[PDB]
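Structural overview for review
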Amino acid sequence: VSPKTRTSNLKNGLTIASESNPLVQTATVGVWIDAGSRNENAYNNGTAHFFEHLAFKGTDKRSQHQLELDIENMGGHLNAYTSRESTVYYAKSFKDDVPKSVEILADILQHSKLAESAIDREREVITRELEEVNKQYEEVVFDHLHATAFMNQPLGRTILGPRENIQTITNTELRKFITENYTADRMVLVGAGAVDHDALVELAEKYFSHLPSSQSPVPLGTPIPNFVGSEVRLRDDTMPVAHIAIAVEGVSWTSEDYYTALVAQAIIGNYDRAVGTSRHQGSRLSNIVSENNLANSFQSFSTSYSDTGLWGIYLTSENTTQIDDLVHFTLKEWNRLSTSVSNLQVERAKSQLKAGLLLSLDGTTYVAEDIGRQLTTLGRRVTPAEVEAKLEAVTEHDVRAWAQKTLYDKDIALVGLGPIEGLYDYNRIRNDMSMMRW
Amino acid sequence: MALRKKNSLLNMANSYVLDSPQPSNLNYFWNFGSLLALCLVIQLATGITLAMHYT
Amino acid sequence: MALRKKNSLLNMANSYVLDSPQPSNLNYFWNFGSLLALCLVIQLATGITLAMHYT
Amino acid sequence: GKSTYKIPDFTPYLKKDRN
Amino acid sequence: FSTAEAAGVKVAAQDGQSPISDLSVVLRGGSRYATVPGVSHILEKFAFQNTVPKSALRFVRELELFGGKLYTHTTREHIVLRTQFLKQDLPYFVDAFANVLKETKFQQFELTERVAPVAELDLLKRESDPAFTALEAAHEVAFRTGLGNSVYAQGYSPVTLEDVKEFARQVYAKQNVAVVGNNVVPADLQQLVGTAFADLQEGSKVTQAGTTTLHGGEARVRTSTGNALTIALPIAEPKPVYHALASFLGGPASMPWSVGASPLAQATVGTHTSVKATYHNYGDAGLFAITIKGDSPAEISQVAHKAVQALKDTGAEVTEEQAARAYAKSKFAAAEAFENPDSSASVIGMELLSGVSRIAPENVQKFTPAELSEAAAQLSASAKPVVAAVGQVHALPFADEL
Amino acid sequence: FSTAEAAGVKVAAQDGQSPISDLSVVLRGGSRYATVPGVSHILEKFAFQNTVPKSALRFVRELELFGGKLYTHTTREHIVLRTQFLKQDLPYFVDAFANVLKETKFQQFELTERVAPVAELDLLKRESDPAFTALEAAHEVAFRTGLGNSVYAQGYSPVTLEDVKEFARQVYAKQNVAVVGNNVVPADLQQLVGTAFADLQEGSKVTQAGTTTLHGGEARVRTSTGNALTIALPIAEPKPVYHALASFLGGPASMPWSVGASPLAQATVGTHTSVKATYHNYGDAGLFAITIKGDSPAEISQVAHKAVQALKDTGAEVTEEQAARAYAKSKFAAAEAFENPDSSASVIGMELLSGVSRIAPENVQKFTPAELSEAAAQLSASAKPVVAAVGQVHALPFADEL
Amino acid sequence: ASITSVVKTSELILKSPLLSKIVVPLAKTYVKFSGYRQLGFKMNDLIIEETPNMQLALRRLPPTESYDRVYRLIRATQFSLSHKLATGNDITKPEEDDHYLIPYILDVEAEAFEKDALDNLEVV
Ligand code: HEM
Ligand code: HEM
Ligand SMILES: CCCCCCCCCCCCO[C@@H]1O[C@H](CO)[C@@H](O[C@H]2O[C@H](CO)[C@@H](O)[C@H](O)[C@H]2O)[C@H](O)[C@H]1O
Ligand SMILES: CCCCCCCCCCCCO[C@@H]1O[C@H](CO)[C@@H](O[C@H]2O[C@H](CO)[C@@H](O)[C@H](O)[C@H]2O)[C@H](O)[C@H]1O
């Protein structure tokens, strides 16, 4: 039994959420914001990521250099990331260095200079990042996957934004974005590890009290996405490994089917030829793939957003003459979620998940990420007891029902990168989304 | 590996009528080959039937 | 590369009747396959001939 | 003409109620 | 972590308030104790293969029903086998470790088909990073044997089933095993290890064949897969001050999209190069390393000069501010190491096996500017500098240039 | 060999009484002059490719009608292109050389499909001998650049068509070309070279980028294909005494199924190892090497100790008998070198391209025991010893052990 | 049939004193009349190998055992085609008829059968 996550609000509507662990000596405090790239329009796409680069480029008090020094003198580090729906800024420190770190985070969020000179300098750094993501193949694949699945919609946009916008982002647009979006009712100050809740609340009252409140305060994790079955092929014969993602429209955080989709994902599961145990996994797809050397790896995923999701699999393979078999066998394994799954597979996957959802939470950063994610998507921390009950409620009948509505004979978004000559056209892939024998 | 590719007999059908790689831009004049196959089948079926009645 | 292996049509005959790798110890009972082929040929030749005279 | 994340225009053919 | 003893096996456990436990068996079986190059890597990869009571297959399928995970690694000092599971499943995992230590059938087919191929993929993945290669090469030059043995199995020196079986006969013994339990009730672990590991051989303490000798030199590994350069200084008397010095010199940035305020970080300005100072204590000898990776050999060379200069400048004077910055960065490094389960296990493992009482993060010594400058002075003026270059080696610096 | 000049090209010819003539073009284009690593090897392999007047195909088919043969090689100092034909066919071969120097179309497909693959097979065949690798590695350590550049094109550092074209623009010029004619009428060669090489660029003398610097060190080339060990000593002042010393120390047997009477030969007794002392003069620096190959790394190590001892013992005292034995072995080595067409060409090539008069075998100096012992003393007391180990490198000696 | 089945059933028979008393002499005569030893084969050389399991067991044979098996098959095939029998040292003596392959195939099959069982497990 984990210690209780305490939650308080301020007057502006900032949530403070903390989970203390008197066994560790380090703390992670940070701010989780319910805002990300999805909050931009087409003209200011890239702003949120731009701001992340400038948040560390100096404030009204501390210059860029002073900032660097202040953090170095703390001992820990700061980190930030921007996603489609979420922005995180956190500081890992020592137990008694928490007041410094909260003060620095409050400073970089509220009181950033955003000086024209620095905007101009980062505009080159970010421009170079456009031509170096190209190497991170999984990320390239997933970025195209969102672009095609949510064609011409806000979720379909990249985080970095187009080259054109990077050249035209001004301090004015940056200021406007963080004033409209980084509001107190959309922010959660999270502390995990060696933090006292009451101490953290006092620090919030001291530093985050003059945060803007939004005009219309909706609850945390409040959202219209129209999935497009489609494919992007980025053939590159010079690459040795093919990277393929297949996805269907999945489930939102607050779907009734959220846990059902996780169990279904666990029935297929993950595989990696480099891991010793992977040849012995119970998953049927794992067995087919390992026996036939069809793939180096596959990773099932179920990404959620506030109002939609993507559920699918990411495969990598050097076996370029049997990509057809890899895709064929994968989709026939999905078919069986509709036609064949019994309590056998369902109870096995529930067992694996009941632990997996707790095992993820190792160190203070993972705990803080869990509190922050849940508070900004569901509006509360879900206790392990509730999670265990929701998983227990998933029956074989629920999985079959869900798969038959979500996977069976549905349109897919498909992205292939690399030597994918052997990947058949869209129709033949999509035809494997059903079985004529059933 | 899929049965249609694994099994030698199935694989021959597969290579000719199913996975056979074709240019993507054949026009309607590439359809006479299959019509000639259809004519040949109709002539065999009708022909064998007439042979059952002809002296 | 030799023509019998290069040319697709020749290669099919080659793979069945010429380069086909056989066990080196087949005894005389492995000869009925070719006799059955010979019977089938004799029956086709004689059969078609009788059909030219039969009513 | 350069970015591969800018999906070409398919609006002439996309059905609104496709799902 | 309450250290105790259960049937001649040293057991250290710390109870906590979480649903997830980490049980780790730490073996005195790292590469410095290896008999044949690569055997400790192979022995690590042969854990949780077929035992007499339970096949690899059965183990994996049952571990999936408990939703446990299994993690193994080899260092120069230890083999670490760690399982992560729910608190209540402790007895299962204790018994599984016992089967591995007592009853592993080391079968030749497992070596050929399972263990060796996985060990080869492990190494290829690590070598994708040229900095890894450079720091490995540096240890090889500095120590030759013992600490200088490779940690990972290479294809050029094939490990045989007889090699692995022999080594395992020495390693898998009460004298070379420590059990470390994170979020495990200490009383309950002692009782279980006491029943399960009672029939394990006593054996003897594994020792390093030959004493640790330090040497200087160069290694020049021609790869086509990126460029790196390590500047190592072997240390004859390992002292805790070198931790402080490594953290002071620093190198990595402590905030995104920044360079950093550390002397080594400031050496990279205007280059797409990264730098990292590291200190490795191995009890009887140490290694202080500065590794530089980058895509440009010209930039690496440029940084390498600045890096050595930084160390010399440190030997001259450090300010009071800088010495306090070093204390802070070092306390933090110690804390996060004791938190990460991977490193945690090996830290208490060293306390249990060797007897080096652990330095708690709250007890990390504050070094004056005098003590730090003196340590850096002793490094700039070492008679045995090592330089390992990886990549376009014709374009990277040499020892006598630095 | 009567040295003369024909249209700005230095021509040396010696008429003889044989039906077989050897014409060699010696180019100042060896690896020490290489702009980029491997370019001189590629330029050598690009000789007798397509020229504008005559395709590679037509050349080969016509050379077969004359029954001529073509031989090319690259050293650190020269590229040598040699043709062997019947006396009467001289004009054809002169004109062919002229086409190669004036009119080679360096086409990218020839580089990709013809020249690079052949250069790669050339090197793989040489590396089959681990002694070759060891002596190559030793030059790399000793000199770094210039003489330290690789002679052969390696896969890790690719030569581009622009690299080869640039180098050829420098090399194929009147200033870097010498024509050497064995069993060629000297008057007739001058007349032909005078007409054929008149339109060749004058160009300028190719020079080594940077001065020759000597360094000590170690190289440890881990292979699976045999074991060897070179113990090299870079020489700052190349002197002719080192020839005598190399022949004295010897190593190869002068008799079948024997060990030999040379100190280094006597170091191999009871081992299936061979040993070979060599001295390489390169004008401005020299390299004295002792290479040991064998199948056993243990035996190699054992011999290596005896080998260094032998050198030290020589530094102590040489007998009069031993000094005379050295003179005899050295005169002979000089004679047979001037006979072998490959080495002959390069010897007069050096005389023509530099100005270093050849030492005729009849003029080889007799060194007293005093002079020989003094030279061996300088080598035993070198501040910069190089050791290159190839094979099971973990089992071979290190510099500080020797 | 599976080799596992054959081996288990044989062990049941060898356990029972009565059964072994009557079966072991019969099995010895059977093997003598079978006459595979007269072509210089060991019993295990005759087991059907065109199955994934058996292919895997053969790949796991020690190199020497494998090379020897190839020679016995080639030698027997030559006796077969010549209609000769082995003579002298080519005849397999009862002491040379060792079950070199049985351990390998039993391991391959053990895993394959465990895999089938575990594919049908039900969490209770
Ligand atoms: C390419 C295939 C064939 C073609 C092009 C073909 C063509 C013809 C033609 C042109 C006639 C004269 C039709 C008439 O005016 O009545 C005919 C008659 C006939 N064919 Fe075929 N035929 C074919 C295949 C066959 C086959 C396989 C049989 C099998 C026995 C067959 C049996 C007959 C018979 C019995 C008649 C005469 C009865 C009649 O005239 O209808 N045919 N065929
Ligand atoms: C496997 C091939 C064949 C078998 C086993 C077979 C068998 C027979 C048999 C048993 C008879 C009765 C013979 C008698 O007692 O007179 C017969 C008659 C006949 N068969 Fe076939 N036959 C074959 C192929 C053919 C073919 C291809 C034709 C082509 C038309 C053909 C045409 C005839 C005719 C016209 C007769 C009747 C005239 C007669 O009895 O001789 N047969 N066949
Ligand atoms: C159109 C009538 C329908 C019946 C089909 C025709 C029946 C007779 C066809 C068989 C003749 C041999 O046909 C030959 O077979 C093999 C496998 O089947 C094919 O082989 C092809 O496909 C297989 C996999 O699908 C690949 O291993 C191979 O690289 C490729 O070339 C040949 O391209 C084809 O030429
Ligand atoms: C029996 C009468 C004689 C006519 C031939 C019989 C017609 C049947 C042939 C049609 C079926 C296709 O036959 C198929 O073809 C290819 C090449 O031809 C063969 O392929 C085989 O031979 C070729 C070279 O000879 C190799 O490249 C290949 O590795 C090997 O498998 C197949 O083993 C065979 O199954």
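Residues numbered from 1 in each chain as written, not as in the entry; some residues may be left out. Chains lettered and ligands numbered in written order. Part of a larger assembly, values for the part shown. Heavy atoms only, no water.

As a matter of local geometry, ligand 2 sits amid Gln-43, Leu-44, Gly-47, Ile-48, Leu-50 and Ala-51 of chain C. Across the shell around ligand 2, the residue classes tally to four nonpolar, two polar and no charged. (Near = heavy atom within 4 Å. Nonpolar A, V, L, I, M, F, W, Y, C, P; charged D, E, K, R; others polar.)

Here we take up the packing of aromatic side chains. All names here are of chain E. The full count for this structure, using the stated rule, is 42 aromatic pairs over all chains. Consider the rings of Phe-48 and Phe-59, whose centres lie 4.7 Å apart with planes at 15 degrees: the pair is stacked. Placement of the pair is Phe-48 in the loop between α1 (39-45) and α2 (56-65) and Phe-59 in helix α2, with a sequence separation of 11 residues. Looking at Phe-59, the relative accessible area reads 4%, which means it is buried. Aromatic rings pair up to connect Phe-48, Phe-59, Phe-66, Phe-85, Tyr-92, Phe-93 and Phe-97 into one cluster. (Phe/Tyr/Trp six-rings, centres within 6.5 Å; stacked < 30°, edge-to-face > 60°. Helix = DSSP H or I, 4+ residues; strand = E, 2+ residues; numbered from the N terminus. Buried < 20%, exposed > 50% of the residue type's maximum accessible area, 1.4 Å probe, protein only.)

Bringing a nonpolar patch on the surface into the picture now. Residue and element names in this part refer to chain B. A cluster of nonpolar side chains, namely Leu-26, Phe-29, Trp-30, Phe-32, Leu-35, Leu-36, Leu-38 and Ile-42, defines an oily patch on the protein surface of about 870 Å² accessible area. In this structure, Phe-29 sits in the loop between α2 (8-18) and α3 (32-51). Accessibility expressed as a relative area gives 64% for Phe-29, which makes it exposed. (Patch = residues over 30% accessible without salt bridge, like charges linked within 9 Å, V, L, I, M, F, W, Y side chains within 5 Å. Areas by Shrake-Rupley, 256 points an atom, 1.4 Å probe, with all protein chains shown as cover. Salt bridge = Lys/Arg side-chain N within 4 Å of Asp/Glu carboxyl O.)

Between the first and last C-alpha of helix α2 (residues 17-34) of chain G there are 25 Å, a value that for 18 residues agrees with the 26 Å anticipated at 1.5 Å per step. Downstream of α2 of chain G by a residue or two, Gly-35 of chain G has a phi angle that is positive, lying close to 80 degrees. (Expected span 1.5 Å × (residues − 1).)

This part is about unusual backbone geometry. Residues and elements named next belong to chain E. Of note in this structure, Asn-183 is not a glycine but carries a positive phi near 65 degrees. Turning to its location among the elements, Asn-183 is positioned in the loop between β6 (177-182) and α7 (186-196). Residue classification places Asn-183 among the buried positions, given a relative accessible area of 5%. For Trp-257, which is not a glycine, the phi torsion comes out positive at approximately 60 degrees.

All names here are of chain C. Taken together, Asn-11, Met-12, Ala-13, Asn-14, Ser-15, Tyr-16 and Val-17 make up all the residues around ligand 4. Here an oxygen atom of ligand 4 sits 3.1 Å away from a polar atom, N or O, in the side chain of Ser-15. The contact in question runs from an oxygen atom of ligand 4 to an N or O atom on the side chain of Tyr-16, over 3.0 Å. Burial of ligand 4 by the protein amounts to 40% of the accessible area it has alone, namely 780 Å². A breakdown of the residues in the shell around ligand 4 according to their chemical character gives four nonpolar, three polar and no charged. (Polar contact = N/O pair within 3.5 Å; in protein donor to acceptor, adjacent residues only side chain to side chain.)

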